[PDB]
Amino acid sequence: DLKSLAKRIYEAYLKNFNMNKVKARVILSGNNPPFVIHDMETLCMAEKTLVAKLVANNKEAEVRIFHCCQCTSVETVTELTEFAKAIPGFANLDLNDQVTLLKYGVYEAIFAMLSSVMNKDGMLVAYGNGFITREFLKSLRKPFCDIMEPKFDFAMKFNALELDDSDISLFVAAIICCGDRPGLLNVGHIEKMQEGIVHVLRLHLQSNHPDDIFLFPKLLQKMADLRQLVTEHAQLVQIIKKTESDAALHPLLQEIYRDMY
Amino acid sequence: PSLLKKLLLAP
Ligand SMILES: CCCCCCCCCCCCCCCC(=O)O
């Protein structure tokens, strides 16, 4: 039955995320090849082909890029909500606790999964059809050059763990089903659900990664690292909100960030 | 009726 929980979570992940690690690696290995964005000329070219509606009329390049960042996050929140609804037991939680778990978990899950589309030189964007370089993102004017580099730093060490989609699906489920989120109504029930998922994760890692006896505590630490990564990201987004008047924040993301940390 | 709750309720 524990194998069944792991399989059901893996299947829910493959169904609900447009990108998975196998799909990303096929693209990054070299139909629909990714357009490389490494400078302003190629950003503008990519925009006209991949987000044409955005530039059909323009705001600084950094602000257009941040808009695309937010649009990606909004889409991934939808994918995570559907994934969560398919996590065995999640739908038996109080509806308001479901909202709370998503509120506090989506950006931890976003940055964990972002690692799957990152390598040391850049990342896949726009449903796998663009590859934006890490150096180009670092080249943007402040504060926008500060968004992605900590996420690359997290991803390089996370990717060195050589997890596959069967591991990552359980890891993301564990992120979502966290009993210590603020404001939960049924802490005990969520703690027991989490314990079940974490139990399956521990056993799955033991079987799938027999070479690394520390892999489970490494991943527990990555969960903690992601919390700090999100707090820091929320702080930067707040700097953007107050100082970059042209950088409209999407209302769903505003709701997630509100009263968070 | 929040936006997140509306996502959760989507069929
Ligand atoms: C056409 C080029 C657009 C590419 C722009 C980069 C998209 C990267 C996606 C990563 C999103 C990082 C999240 C930051 C915004 C947020 O707080 O939700």
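In the PDB header, X-ray crystallography is given as the technique by which the entry was determined, and 1.590 Å as its resolution.

Description of the overall build of chain A
Along its length, chain A carries 11 helices and 4 strands. Residue burial in chain A is summarised as follows: out of 261 residues, 51% are buried. A total accessible area of about 12800 Å² is found for chain A, and carbon and sulfur atoms account for 55% of it.

What to know about the layout of surface pockets
All names here are of chain A. In this structure, the largest pocket encloses a volume near 1100 Å³. Top contributing element to the lining of the largest pocket by residue count: helix 4 (residues 61-85), with 13 residues. Looking at the lining of the largest pocket residue by residue, the class counts come to 33 nonpolar, 10 polar and 5 charged.

Focus on the interface of chain B and chain A
Contact with chain B, which involves 8 residues of that partner, is made by 16 residues of chain A. Summed over both sides, the interface between chain B and chain A buries roughly 1000 Å², with carbon and sulfur atoms accounting for 73% of that surface. Of all residues in chain B, the largest losses of buried area upon contact with chain A belong to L4, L7 and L8 of chain B, amounting jointly to 63% of the total for that side. Our count for the chain B to chain A interface comes out at 0 salt bridges. Our count for the chain B to chain A interface comes out at 7 residue pairs in polar contact.

Points about the sheet that holds strand 1 (residues 35-37) of chain A
Read across the sheet, 4 strands follow the order 1-4-3-2 (chain A) without closing on themselves; strand pairing throughout is mixed. One side of each edge strand has no neighbouring strand; the edge strands of this open sheet are strand 1 and strand 2 (118-119) of chain A.

Regarding the nonpolar core
In this structure, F83, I87, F90 and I176 of chain A are the most contacted members of the largest nonpolar core, which totals 91 residues. Considering every element that reaches this core, the biggest residue donor is helix 5 (residues 95-114) of chain A, with 12 residues. Once you skip the residues sitting within four places of it in the chain, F90 of chain A turns out to touch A84, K85, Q98, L101, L102, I176, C177 and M193 of chain A together with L8 of chain B.

Here we look at the UniProt feature "binding site: indeglitazar" in chain A
Residue and element names in this part refer to chain A. Under the present numbering, the feature "binding site: indeglitazar" in UniProt falls on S73, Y107 and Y257. These annotated residues cover 185 residues of sequence, but their C-alpha atoms sit close together, with the largest distance between any two at 12.3 Å. Among the annotated residues just listed, those lining the largest pocket are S73, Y107 and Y257. Looking at the element boundaries, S73 is found in helix 4.

Notes on the pairing of strand 3 (residues 122-125) of chain A
Residues and elements named next belong to chain A. In the sheet, strand 2 pairs with strand 3 via 2 bridges, with the strands oriented antiparallel. Within the sheet, the bridge partner assigned to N119 lies in strand 3 and is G122. In this sheet, strand 4 (residues 130-133) lies alongside strand 3 in antiparallel orientation, the contact comprising 4 bridges. Along strand 4, the bridge assignment pairs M123 with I132. Between strand 3 and strand 4, which pair antiparallel in sequence order, lie 4 residues; one of them, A126, sits at a positive phi of approximately 55°.

Digging into the pattern of salt bridges
Residues and elements named next belong to chain A. Using the criterion set out here, one finds 16 salt bridges over all chains in the structure. Among the salt bridges present, the one from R134 reaches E149, with a minimum N-O distance of 3.0 Å. Placement of the pair is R134 in helix 6 (residues 134-139) and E149 in helix 7 (residues 149-159), with a sequence separation of 15 residues. Under the relative-accessibility criterion, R134 is labelled buried at 13%.

Structural notes on the environment of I213 of chain A
Residues and elements named next belong to chain A. Mapped onto the elements of the fold, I213 is located in the loop between helix 9 (187-208) and helix 10 (215-243). You can call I213 exposed: its relative accessible area is 76%. Separated by 150 residues in sequence, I213 and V63 have C-alpha atoms that sit 44 Å apart.

Parameters at a glance
Residues numbered from 1 in each chain as written, not as in the entry; some residues may be left out. Chains lettered and ligands numbered in written order. Heavy atoms only, no water. Helix = DSSP H or I, 4+ residues; strand = E, 2+ residues; numbered from the N terminus. Buried < 20%, exposed > 50% of the residue type's maximum accessible area, 1.4 Å probe, protein only. Areas by Shrake-Rupley, 256 points an atom, 1.4 Å probe, with all protein chains shown as cover. 1 Å grid on protein atoms, 1.4 Å probe; cavity = no way out; pocket = protein on both sides within 12 Å on 5 of 7 lines; lining within 4 Å. Points joined across faces, edges and corners; volume = space filled by probe spheres on them. Nonpolar A, V, L, I, M, F, W, Y, C, P; charged D, E, K, R; others polar. Contact = heavy atoms within 4.5 Å. Buried area = accessible area lost by both parts, 1.4 Å probe. Salt bridge = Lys/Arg side-chain N within 4 Å of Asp/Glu carboxyl O. Polar contact = N/O pair within 3.5 Å; in protein donor to acceptor, adjacent residues only side chain to side chain. Pairing = 2+ DSSP bridges. Core = buried A, V, L, I, M, F, W, Y, C linked by side-chain atoms within 4.5 Å. UniProt positions renumbered as here; feature names shortened; annotations may be inferred.

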